[PDB]
Each structure stands twice: as C-alpha cells, then as structure tokens.
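Engineer:
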Ligand SMILES: [Ca+2]
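Residue numbers (PDB author numbering): 1 to 398.
(1) Can you tell me whether residue 16 is helix, strand or coil according to DSSP?
(2) Taking DSSP as the reference, what is the three-state secondary structure of residue 362?
(3) Helix, strand or coil for residue 295 per DSSP?
(4) Cβ of residue 399 within 7 angstroms of Cβ of residue 120?
(5) Just mark residue 354 as buried or exposed, buried being the case when its beta carbon has 16 or more other beta carbons within 10 Å.
(6) Identify every run of the alpha helix (DSSP H) within the segment 317–342, keeping only runs that are complete inside it and at least 4 residues long; order them along the chain.
(7) Kindly indicate which three-state DSSP category residue 130 falls into: helix, strand or coil?
(8) From this set, 357, 350, 104 and 193, which residue's C-alpha is nearest residue 144's C-alpha?
(9) For ligand 1, I want to know if residue 265 counts as a neighbour, meaning its beta carbon is within less than 6 angstroms of at least one of the ligand's heavy atoms.
(10) Using 10 angstroms around the beta-carbon of residue 285, count the other beta-carbons present and answer buried if the total reaches 16, otherwise exposed.
(11) Measure the alpha-carbon distance for residue 270 versus residue 86 and round it to whole angstroms.
(12) Quick check: what's the CA-CA separation for residue 180 versus residue 115?
(13) Apart from the five residues on each side of it in sequence, which residues of its chain come closer than 8 angstroms, Cβ to Cβ, to residue 188?
(14) Mind checking residue 149: buried by the 16 CB within 10 Å criterion, or exposed?
(15) For residue 24, collect the residues of the same chain with a Cβ closer than 7 angstroms to its Cβ; drop the 5 residues on either side in sequence, then sort them by chain order.
(16) Quick check on this structure: which residue in 214, 241, 89 and 257 has the alpha carbon closest to the alpha carbon of residue 380?
(17) If you draw a straight line from the C-alpha of residue 275 to the C-alpha of residue 317, how long is it?
(18) I'd like to confirm the pairing. Which residues does DSSP put opposite residue 117 in its beta bridges?
(19) What does the Cβ neighbour count give for residue 200, buried or exposed, with the cut at 16 atoms within 10 Å?
(20) Given the structure, does residue 271 come close to ligand 1, in the sense that its CB is under 6 angstroms from one of the ligand's heavy atoms?
(21) If you drop the 5 nearest sequence neighbours on each side, which residues of the same chain put their C-beta closer than 6 angstroms to that of residue 197?
(22) Round the Cβ separation of residue 259 and residue 367 to the nearest angstrom and send it over; I've been treating them as touching at under 8 angstroms.
(23) Inspect the beta-carbon positions of residue 330 and residue 394 and report whether they are closer than 7 angstroms.
(24) Near residue 223, what residues of its chain come up, given a Cβ to Cβ distance below 6 angstroms and the 5 sequence neighbours on each side ignored?
(25) Among residues of its own chain, excluding the 5 on either side of residue 360, which ones have a beta-carbon nearer than 7 angstroms to its beta-carbon?
(26) Quick one: grab the DSSP three-state call for residue 258.
(27) CB-CB under 7 angstroms to residue 191, same chain, minus the five flanking residues each way: which ones, in chain order?
(28) Can you name, in chain order, every residue of its own chain whose Cβ lies under 7 angstroms from the Cβ of residue 166, other than the five neighbours on each side?
(29) Could you tell me whether the segment 200–210 touches the segment 339–349, using the rule of 3 or more Cβ pairs below 8 angstroms?
(30) What residue range is occupied by the uninterrupted alpha helix (DSSP H) comprising residue 200?
(31) What does the alpha-carbon distance come out to for the pair residue 131 and residue 137?
(32) Within 6 angstroms: the Cβ of residue 274 and any heavy atom of ligand 2?
(33) Does the distance from the CB of residue 307 to the CB of residue 171 come in under 7 angstroms?
(34) Buried or exposed: which applies to residue 47, given that a residue is buried once 16 or more other Cβ atoms fall within 10 Å of its Cβ?
(35) Heavy atom of ligand 1 less than 6 angstroms from the Cβ of residue 88, yes or no?
(36) Nearest-angstrom Cα distance between residue 139 and residue 207?
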C-alpha cells in the first residue's frame, strides 16, 4: 500500500507539472495574441519587434512541455497542429528563387496568401475566407508531412520570413510593410497575409486552451483523470517513456543529428527566427523537470512535489545518482549551445556549417550526452520494474 501510494503521489505531481507548463504556454500565447493584434492594427518596426519578442517568450514554456509527449498519446494526437516542423513554407506565402522544398509535396508552392483557391493534388480547395479550422484541415495535405499550415512555426514564418543567410549570420527579416494594408503593401495580398497570421495565432491560443484544460485537476472527463486512475506502473512507464523518447529519437536525433550530419539549415527547428538553441535547451529542461519533480514557472515560482528520482533512489541509489549526473551534464552541453548564440552570436544554423569545427563539436557533445542519459533512463526505469522501456529512436542509429 505504501509503495503504491508513493508512485501515485509522483504521478499526481507529474500531472501538476504538466498543468503548470501548459498553463504558462497558454498565458504566453495570449500575450503573443495581443502583441500580434497590436502589430496588425499598426504594423511597423517597433510593433513587429514586440511580436517577435512575444513569440520568443511563448516558446520557453512550450518547449518545456515536450517530454510529456510519447508517454501521453493525447499530446501526440494534438501537437501536429501546434508545433509541426519543418515547413515547406511556400504553402503559405511567397518564397525566394532558391527555395528548397520536399520531393513529392504537392502543396509546396500553393501560396495560400496569394490565392483564394489552391489545388494540392486533386483537392481543389476554397481558401477565400481564412479560418483556423480551414488552415488546420490543410496540415499534411496531399500526404506530405512538410505541408504545415499552422502552429508556432507558421507564426514564426509569417513574422520573420525565410532566413536567406544560409550558414551565415542573420535570421529572416521580413519587413513590417508586408502587413501594411492598401498602398504601402509589400509582397502582395497583405489583407490575406494579416488574415492568415490572425487565424493561426487565434488557433494556437485555442489549441493551448484545450490542452491546458486536459491537465486541470478535479475534472472527471479529461486526460489527467484518466492518467491518475491508471495502474501506477502504467503511469510510471509513461513518465520514463516520454523522458527517453524525447532524449533520444526527437532531441538527439530529429532536432540535432539530422541537421548536423546533412549540414542542412533548412532542417533546423526554428528555421526563420534562429531560436533553435532555446528549443533544444528547454526540451532538455523538460526531461530534467519531469525526473526531479520540479517546474520553475515563467513568473519565478516553483511547482514541486514528490519526485520520480526519489522512487529510483529507494530502489537503487547508484542508478539515481548516475541519471541525475547525466541530466546535469546534458544541461551543461545544451547551455553551451545557447551561449554560442546568445553570447557569441553564432546560432545553430552557423554551428552546423561544414567549416565550423567548434560549432559541430558542441552539437556532437550534446548528442553524446543525450544518448548516455537515455541509457541511464532505461537503467533507472528497470530498477522500478519497468523493463523494455524501448525509448523511441526515430529510426536513428547512435
Ligand atoms: Ca536559419
């Protein structure tokens, strides 16, 4: 009875961490909505910069939610509308002549902003009136996962535009006049561009309001109620499985190894804003938050409770010590990536350049740390009787 109650308390705190993380994501998305509204009303350099800063701030809590993926299917079924990437951005707006898009993507040049009717394969689709529901129906349209119409990175593309700088300094620099209605309009169809940005921003808020509500305590019909009623070994496996699947397949593999080994700036997570270093860092923080049972909120307060770490320490102190040390080393390696961008001005798309020896090594050191901590996660889960964790490797060999 005592062991079961301890696991129950850890899973309850786990849901509290998710509740607070998604609540922070929702509130910062509402701040972003207000800055975007202010920008559309009075588009200029300063209101555009304010919208960009609000986007940056909205990313910090969302990136810390991603280790709740994989273990909790309700997030997996939902996040493709919220944070899908990479974009074949020619679906949305104009592109430069060196535009690179996926093979076999019939939507890659549809250009919704410019056209009241598009045709993606044989779906001839009315987009006269731009609504969130309509754009959502276009995600993965025609079969290609590069066809992304909504989410953080659709907003990102509409604020920054394409990053034309390759592996050199600088991000996208779309001009505010792309949203000037009437005569100073630049890039064409600025009324449809504003309508697009408004729709995806409102849709993001609406999606985050849904998900934040699914982790509220004391609600009989939501996911959190299901999770807390499940057998504790099911809940504990979900915690470890999210930790390991983000560490290995998604963070080390999809968000680092892919771009690094192809030297492909088009594959970095935050292509247009060059914020990829923060995504990686706060993804890493998501995993460590879950294991330690703590989440430091955007206002500085801390949500904290009984930890998965303490359960492991009772079963095997060495396994717990190894995993905590691996998590600390991983955070240091990801901090070095953040520091390269924030202190030295060398962003992720510059570090993966073929000639950047120190840039590539920092990324390879963080990959190695993430692979090591994945092994330590499996060992810790095994000490709690959770065998064959099999964290998802996203088909990468490490
Ligand atoms: Ca870039």
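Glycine included, every Cβ here is placed at the ideal spot set by N, Cα and C.
Structural biologist: A quick look at the data gives this:
(1) Residue 16 sits at position 16 when you count from the first residue of the chain shown. It is helical.
(2) Translated into the one-based positions of the chain shown, residue 362 becomes position 362. Looking at residue 362 - three-state DSSP - the assignment turns out to be helix.
(3) Residue numbering aside, residue 295 sits at position 295 when the chain shown is read from its first letter. In the three-state scheme derived from DSSP, where H, G and I count as helix and E and B as strand, residue 295 is classed as strand.
(4) No information on residue 399 is available, as it lies outside the stretch 1 to 398 that the chain covers here.
(5) In the chain shown, residue 354 corresponds to position 354, counting from 1. Under this definition residue 354 is an exposed residue.
(6) Every unbroken stretch of the alpha helix (DSSP H) spanning 4 or more residues and falling wholly within the segment 317–342 is given here in chain order: 317–342.
(7) As a first step, residue 130 must be located in the chain shown, where it is residue number 130. It is coil, neither helix nor strand.
(8) Along the chain shown, read from residue 1 onward, the residue named residue 144 stands at position 144. Residue 144 has its Cα closest to that of 104, out of 357, 350, 104 and 193.
(9) On the chain shown, residue 265 is found 265 positions in, with the first residue counted as 1. Checking every heavy atom of ligand 1 against the Cβ of residue 265, one is found closer than 6 angstroms.
(10) Here residue 285 refers to the residue found at position 285 of the chain shown. Counting Cβ neighbours within 10 Å, residue 285 comes out buried, since at least 16 surround it.
(11) Taking the chain shown and counting its residues from 1, the one referred to as residue 270 is at position 270. Taking the chain shown and counting its residues from 1, the one referred to as residue 86 is at position 86. Distance between the alpha carbons of residue 270 and residue 86: 8 angstroms.
(12) Taking the first residue of the chain shown as 1, we reach residue 180 at position 180. Taking the first residue of the chain shown as 1, we reach residue 115 at position 115. Computed Cα separation, rounded: 18 angstroms.
(13) Residue 188 sits at position 188 when you count from the first residue of the chain shown. Answer for residue 188: 94, 113 and 114, listed in chain order.
(14) Here residue 149 refers to the residue found at position 149 of the chain shown. Residue 149 is buried by the Cβ-count criterion.
(15) Numbered from 1 along the chain shown, position 24 holds the residue referred to as residue 24. Excluding residues within five positions, the ones whose Cβ falls inside 7 angstroms are 61, 297 and 298.
(16) The residue given as residue 380 occupies position 380 in the chain shown. Ranking the options by Cα distance to residue 380, first place goes to 241.
(17) Here residue 275 refers to the residue found at position 275 when the chain shown is read from its first residue. Here residue 317 refers to the residue found at position 317 when the chain shown is read from its first residue. Their backbone Cα atoms lie some 37 angstroms apart in a straight line.
(18) Your numbering for residue 117 matches position 117 in the chain shown. In the DSSP output, where bridge partners are listed per residue, residue 117 has 126.
(19) Reading the chain shown from its first residue, position 200 is the one you call residue 200. With 16 or more Cβ atoms within 10 Å of its Cβ, residue 200 is classed as buried.
(20) Translated into positions along the chain shown, residue 271 becomes position 271. Yes - ligand 1 has a heavy atom lying nearer than 6 angstroms to the Cβ of residue 271.
(21) Working through the chain shown from its first residue, we reach residue 197 at position 197. Closer than 6 angstroms at Cβ, skipping near neighbours: 158.
(22) Working through the chain shown from its first residue, we reach residue 259 at position 259. Working through the chain shown from its first residue, we reach residue 367 at position 367. Rounded, the Cβ-Cβ distance is 11 angstroms, inconsistent with contact.
(23) Against the chain shown, residue 330 aligns to sequence position 330. Against the chain shown, residue 394 aligns to sequence position 394. Not closer than 7 angstroms, so no.
(24) In the chain shown, the residue the question calls residue 223 occupies position 223. Excluding sequence neighbours, residue 223 sits near 74 and 214.
(25) Stepping through the chain shown from its first residue, residue 360 is reached at position 360. 260, 351 and 352, listed in sequence order.
(26) Within the chain shown, residue 258 is the residue found at index 258, counting from 1. In this structure, residue 258 counts as helix in the three-state DSSP scheme.
(27) Counted from its first residue, the chain shown places residue 191 at position 191. Result list for residue 191: 181, in chain order.
(28) Position 166 of the chain shown, counted from the first residue, corresponds to residue 166. Contacts found: 265.
(29) The count of Cβ pairs closer than 8 angstroms, one atom from the segment 200–210 and one from the segment 339–349, stays below three, leaving the stretches out of contact.
(30) Sequence index remark: in the chain shown, residue 200 carries index 200 (1-based). Unbroken alpha helix (DSSP H) run through residue 200: 190–214.
(31) The residue given as residue 131 occupies position 131 in the chain shown. The residue given as residue 137 occupies position 137 in the chain shown. When rounded, the distance between both Cα atoms is 10 angstroms.
(32) Ligand 2 is not among the ligands present in this structure, which contains only ligand 1.
(33) One-based indexing of the chain shown puts residue 307 at position 307. One-based indexing of the chain shown puts residue 171 at position 171. Contact flag unset, no.
(34) What you label residue 47 is simply residue 47 of the chain shown in a count that begins at 1. Buried, by the Cβ-count rule.
(35) The residue you call residue 88 lines up with position 88 of the chain shown. Residue 88 Cβ: outside cutoff for every heavy atom of ligand 1.
(36) Here residue 139 refers to the residue found at position 139 when the chain shown is read from its first residue. Here residue 207 refers to the residue found at position 207 when the chain shown is read from its first residue. Rounded to whole angstroms, residue 139 to residue 207 spans 14 angstroms at the Cα level.
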